[PDB]
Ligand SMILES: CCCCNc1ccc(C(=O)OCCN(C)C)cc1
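For reference, the chain that follows is the form solved without the named molecule, supplied as structure tokens.
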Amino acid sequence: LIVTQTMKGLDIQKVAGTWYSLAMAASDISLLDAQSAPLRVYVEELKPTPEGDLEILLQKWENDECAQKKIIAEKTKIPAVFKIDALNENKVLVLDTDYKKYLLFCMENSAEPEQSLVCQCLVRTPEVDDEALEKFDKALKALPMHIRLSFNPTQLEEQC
């Protein structure tokens, strides 16, 4: 909910492209507890707009299917921070990224900093390197995480 893990000098234009949710963590297990859990979403693609906003494509397990969801994150006065505008979450924090291999982000509901925090380690390819996971664990150190998930059922998907 704290820790200056904020990303400095973030060029939102360079994170365009598809990504796979490699790992995710929450401070309240109820959030990711199941495929049906609310924050159990899989980032499909990040698409920046000319105005500086962020279009996020997500897949959600939904009644046996795979509902495609699109969230528009709006840039704020602070770079690396975007408003969601979802009903459960309201903020998006880019913690770190090399633009080329990994990307770290959390969604928050500023109003309930305590437990609404959800972070994900995103990767460019469905392959896998231990680098992305090292960085991610480093960021969660000072965070009240109570559930942690690591994926290998593959990004190709075994959970749609």
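Counting begins at 1, following the sequence as shown.
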Report task. Please work out which of 57 to 65 and 130 to 138 has the higher mean CA B-factor as recorded in the PDB entry. Result -> 57 to 65
Report task. By the entry's C-alpha temperature factors, tell me which of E44, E114, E108, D98 sits highest. Result -> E114
Query raised in the report: Of the three thirds of its chain by CA temperature factor, lowest, middle or highest, which one includes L31?
Result: middle
Query raised in the report: Comparing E89 with the other modelled residues of its chain, is its CA B-factor in the lowest, middle or highest third?
Result: middle
Report summary line: For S150, the third of its chain by CA B-factor is the middle
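Keep in mind that the form solved in complex with the named molecule is missing from the display, and what follows is about it.
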Query raised in the report: With the partner left out of view, is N90 within 4.5 angstroms of the named molecule in the deposited bound form by any non-hydrogen atom?
Result: yes
Requested in this report: Pull the contact list for 126 to 149: residues with a heavy atom within 4.5 Å of the named molecule in the deposited bound form, in sequence order.
Outcome: none
